[PDB]
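Remarks on the structure that follows.
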Amino acid sequence: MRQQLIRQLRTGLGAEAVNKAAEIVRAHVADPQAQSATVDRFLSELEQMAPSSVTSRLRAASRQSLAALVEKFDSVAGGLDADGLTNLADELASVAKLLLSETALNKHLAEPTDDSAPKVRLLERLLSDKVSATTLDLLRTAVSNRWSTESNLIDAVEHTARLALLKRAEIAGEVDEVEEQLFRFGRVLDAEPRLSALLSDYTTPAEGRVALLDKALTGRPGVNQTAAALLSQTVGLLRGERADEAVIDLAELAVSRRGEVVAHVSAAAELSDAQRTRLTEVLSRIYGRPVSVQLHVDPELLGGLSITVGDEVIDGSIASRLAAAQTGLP
Amino acid sequence: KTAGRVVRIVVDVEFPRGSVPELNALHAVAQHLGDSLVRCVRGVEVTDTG
Amino acid sequence: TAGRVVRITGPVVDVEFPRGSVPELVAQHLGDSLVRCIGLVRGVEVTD
Amino acid sequence: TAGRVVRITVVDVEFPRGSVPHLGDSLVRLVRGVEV
Amino acid sequence: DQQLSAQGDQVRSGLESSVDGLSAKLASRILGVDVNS
Amino acid sequence: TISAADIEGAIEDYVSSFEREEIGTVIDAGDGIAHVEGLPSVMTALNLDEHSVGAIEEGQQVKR
Amino acid sequence: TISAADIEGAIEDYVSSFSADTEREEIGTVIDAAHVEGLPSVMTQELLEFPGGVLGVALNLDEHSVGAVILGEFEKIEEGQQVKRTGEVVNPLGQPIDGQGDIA
Amino acid sequence: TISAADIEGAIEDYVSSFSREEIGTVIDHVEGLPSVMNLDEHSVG
């Protein structure tokens with residue numbers, strides 16, 4: 109019974125002490141100098157941290179076929195001009211919506227078969243002249259391979275379209291602009307679930323949803339044209355994915371094309387340019403391959419950073435330290 | 007807002026992401057089925082006490 | 008040419024192999060290059 | 008206007026829309076494809 | 130237990146004085162740089 | 005991408021395209041029951070449907 | 005007699021020993037309830057930590073998710089929570118329930 | 005560049021753009047009848 113009382117004393121003292129510590133932390137970190145110092149200390153820890161040695171949904175057939183199709187696009191899209199790329203993307207999106215609309219045609223174009231000649235003949239007879247030669251070649255390559263499910267087919271086509279647009283963005287040299295715009299649109303779509311839900315409903319006609327997107331946040335004066343086109347094309351062909359998740363996938367793919375990895379860094383406040391460069395360098399060193407850092411701002415962190423790449427998270431948030439202290443009591 | 011709507015009728022109720030009631035009383053929660061659905074006229078608004 | 012564990016349901020283990028390397032009866056061929064063989074981690078290499 | 012066998016389990022036959030003599059999608063519950 | 134309860138009520142008041150030091154040290158630890166407060 | 009009713013003819017052409029022998033492919037096989045994709049002309066192979074034929086190693090060629 | 009010296013020391017040592025160093029960690033998300045997406049390297053029968061100190065064990069593993077059996081206070085589990093992997097395979114956990122104290 | 009109110013203009017404009029008696033069709043189960051009193071998002075038992 110004595111030790112029972114002692115334990116009650118321990119829990120009470122710990123709870124009050126940790127509450128006082130939390131108040132002290134909150135008071136001390138309100139100063140922006142405190143925020144910057146916390147971020148700098150966490151970055152130091154990050155340099156001290158050891159490096160990490162280490169389209170998933172696609173199965174074997176779909177994944178291999180998509181690899182073949184992306185290789186084919188890389189081959190064909192070598193010297194195509196920017197206007198040609200805008201075209202090619204347009205025809206690819208049109209064909210994707212065609213396949214989606216014509217369920218029977220997609221079905222017949224889906225089943226794997228040892229001989230690809232009948233499928234190629236079918237495509238040529240269908241749209242030999244309705245689209246340019248490069249589109250014909252890409253679609254022929256896409257149908258030649260096998261797909262685990264018919265859906266993957268259209269996915270592959272859609273992928274190519276996105277790639278094409280990204281390519282012209284690269285030709286424009288504004289890859290950074292389009293990536294930033296795509297991430298911002300993903301943020302606002304996630305923040306406004308109603309807009310995503312109204313856009314993420316294929317049942318309604320696609321033209322109306324595209325017009326809604328254009329008028330709401332995509333026809334704005336200060337929006338990169340390539341990003342707007344990519345987002346409108348994505349929503350137009352949308353199959354049932356959440357619009358915000360679709361935009362996040364677009365941004366992730368855009369960064370992937372540059373060979374980098376997206377790192378979602380959550381901070382209490384915005385970071386300095388020097389801090390941003392240091393963070394990018396340390397994250398690249400830890401993960402090896404270069405990483406592009408996207409800043410979320412959340413006051414509840416109280417300081418530090420909460421980085422996350424892939425399925426891995428480095429939680430330096432001060433609030434996390436406070437929670438650990440709360441749960442670490444005897 | 008943050009009010010769900012009946013989807014299937019045991020009644021399945023679909024809530025906005027980030028507003029799913031905890032495993034709660036609703037007015038027109054047994055399981056979280058994912059995609060912000062929970063299991064407890075289709076489309077009637079549903080509110081959570083919290 | 009070596010498979011990788013895809014599902015671990017107690018003793019049952021679904022393993023995925025490359026296209027032309029599926030082992031022969053591995054208690055069952057689930058199709059799509061998967062087989063259902065009878072502290073494991075998904076993705077660990079499996080050798081035929 | 009003539010149906011065709013799709014599954015032979019019981020036989021399922023698909024018919025042109027508006028010609029269904056009923057599993058939906060115009061199906062109704073030997074070589075597959077023979078016209079009915 | 131009444132003697133024990135009285136001891137508890139006395140010691141909790143006695144130790145309330147030192148909570149400032151413990152909380153300050155804990156904040157010092159979970160900030161990396163010591164906080165004087 | 006205007007698509008007229010040519011599709012309906014085209015599919016028919018495709019449907020007719022598939027003198028050469030009809031070879032199926034085992035898609036899965038367990039518990040003594042196999043499924044074969046292909047063999048569009050196979051006679052009633067217990068269960069037949071638009072996907073496969075319910076009659085060994087995956088990928089084997091199956092004679093009609 | 006309950007000397008306040010030990011009373012204060014039992015917390016002073018903990019405070020002086022608290023060091024929650026940021027550890028590079030692999031997480032997942034509860035998709036329904042619990043099934044957890046992510047945790048690619050989770051071992052079969054691994055111990056998982058859900059928010060609120062809840063504990064689960066990973067039994068069913070597949071390409072989509074991880075089925076985890078919660079070892080108590082399942083009512084605290086919500087879709088979207090973050091699940092951490094402990095990396096390792111009196112109540113059955115060894116925690117005393119009588120209340121007589123701790124155990125070595 | 006984001007107002008968060010022009011979004012409202014667009015969304016309610018579209019909702020108004022949508023706006028008759030509701031008629032269901034037999035699928036095998044009735045599709046449609048969104049306001050009908068075994069109900070699920072696909073069809074009606």
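Residue numbers (the deposited numbering), protein chains in the order written: chain d, 109 to 162, 169 to 444; chain D, 7 to 15, 19 to 32, 34 to 38, 53 to 64, 74 to 83; chain E, 8 to 32, 53 to 65, 72 to 81; chain F, 8 to 16, 19 to 30, 56 to 63, 73 to 79; chain b, 130 to 166; chain B, 5 to 22, 27 to 52, 66 to 76, 85 to 93; chain A, 5 to 37, 42 to 97, 111 to 125; chain C, 5 to 23, 28 to 36, 43 to 51, 68 to 75.
A virtual CB, placed ideally from N, CA and C, is assigned to each residue, including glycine.
Cβ-based neighbour list, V245/d, same chain, cut-off 6 Å, excluding 5 preceding and 5 following: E205
Element boundaries [beta strand (DSSP E), containing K92/A]: 90 to 93
Sequence-distant residues of its chain with Cβ nearer than 6 Å to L397/d (five each side left out): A377, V405
Same chain only: Cβ atoms within 6 Å of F24/D, ignoring 5 sequence neighbours per side: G10, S60
Residue span of the alpha helix (DSSP H) that contains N266/d, given as start and end: 264 to 286
Closest residue to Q408/d among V162/d, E384/d, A433/d (Cα-Cα distance): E384/d
Helix, strand or coil at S242/d [DSSP, three-state]: coil
Local conformation of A35/D per DSSP, three classes: coil
Backbone CA spacing between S20/C and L309/d [nearest angstrom]: 15 Å
Rounded straight-line distance, which links the Cα of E294/d to that of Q141/d: 28 Å
Straight-line Cα distance separating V13/F from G27/E: 31 Å
Any C-beta of chain d under 7 Å from that of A135/b: no
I6/C versus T391/d: straight-line alpha-carbon distance, rounded: 27 Å
Sufficient close CB pairs (3 or more, under 8 Å) joining the segment 434 to 442 of chain d to the segment 118 to 138 of chain d: yes
Neighbourhood of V20/F by C-beta, 8 Å cutoff - its chain only, sequence neighbours within 5 removed: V12, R63, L73
Status (buried if at least 16 other CB within 10 Å, exposed otherwise) for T146/d: buried
Enclosing alpha helix (DSSP H) for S73/B [first to last residue]: Taken as a continuous stretch (DSSP letters only), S73/B belongs to no alpha helix (DSSP H), as it is neither H nor E.
Inter-residue Cα distance where the pair is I11/C and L331/d: 7 Å
Contacts of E29/A in chain d (Cβ-Cβ under 9 Å): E426, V427, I428, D429
Partners in chain B for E216/d, counting only beta-carbon separations shorter than 9 Å: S7, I11
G13/A (DSSP reduced to helix, strand or coil): helix
Residues bridged to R14/F [DSSP beta-bridge criterion]: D21/F
Beta-bridge partners of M109/d, as assigned by DSSP: According to DSSP, which records beta bridges pairwise, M109/d is partnered with nothing at all.
Simplified DSSP state of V77/E, which is helix, strand or coil: coil
Proximal residues to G76/F (C-beta, below 7 Å), its chain only, five neighbours per side dropped: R11, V12
Integer Cβ distance of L79/A from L69/A, believed to fall under 8 Å: Incorrect: roughly 18 Å between the Cβ atoms, too far for contact.
Proximal residues of chain D, C-beta to C-beta of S21/C below 7 Å: None at all; the shortest Cβ gap to chain D is about 19 Å.
Terminal residues of the beta strand (DSSP E) in which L312/d lies: Where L312/d is concerned, there is no enclosing beta strand (DSSP E), although the alpha helix (DSSP H) it sits in stretches over 307 to 313.
Start and end residues, beta strand (DSSP E) containing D36/B: 31 to 38
Buried versus exposed, by CB contacts within 10 Å (16 or more), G122/d: buried
Cβ neighbour criterion (16 or more within 10 Å) applied to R171/d: exposed
Burial state of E87/B, where buried means 16 or more other Cβ atoms lie within 10 Å: buried
In DSSP terms, what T422/d is bridged to: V427/d
Residues of its chain near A286/d, where Cβ-Cβ distance is below 6 Å and the 5 sequence neighbours each way are ignored: none
Neighbouring residues, chain B, relative to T16/F (Cβ below 8 Å): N68, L69, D70
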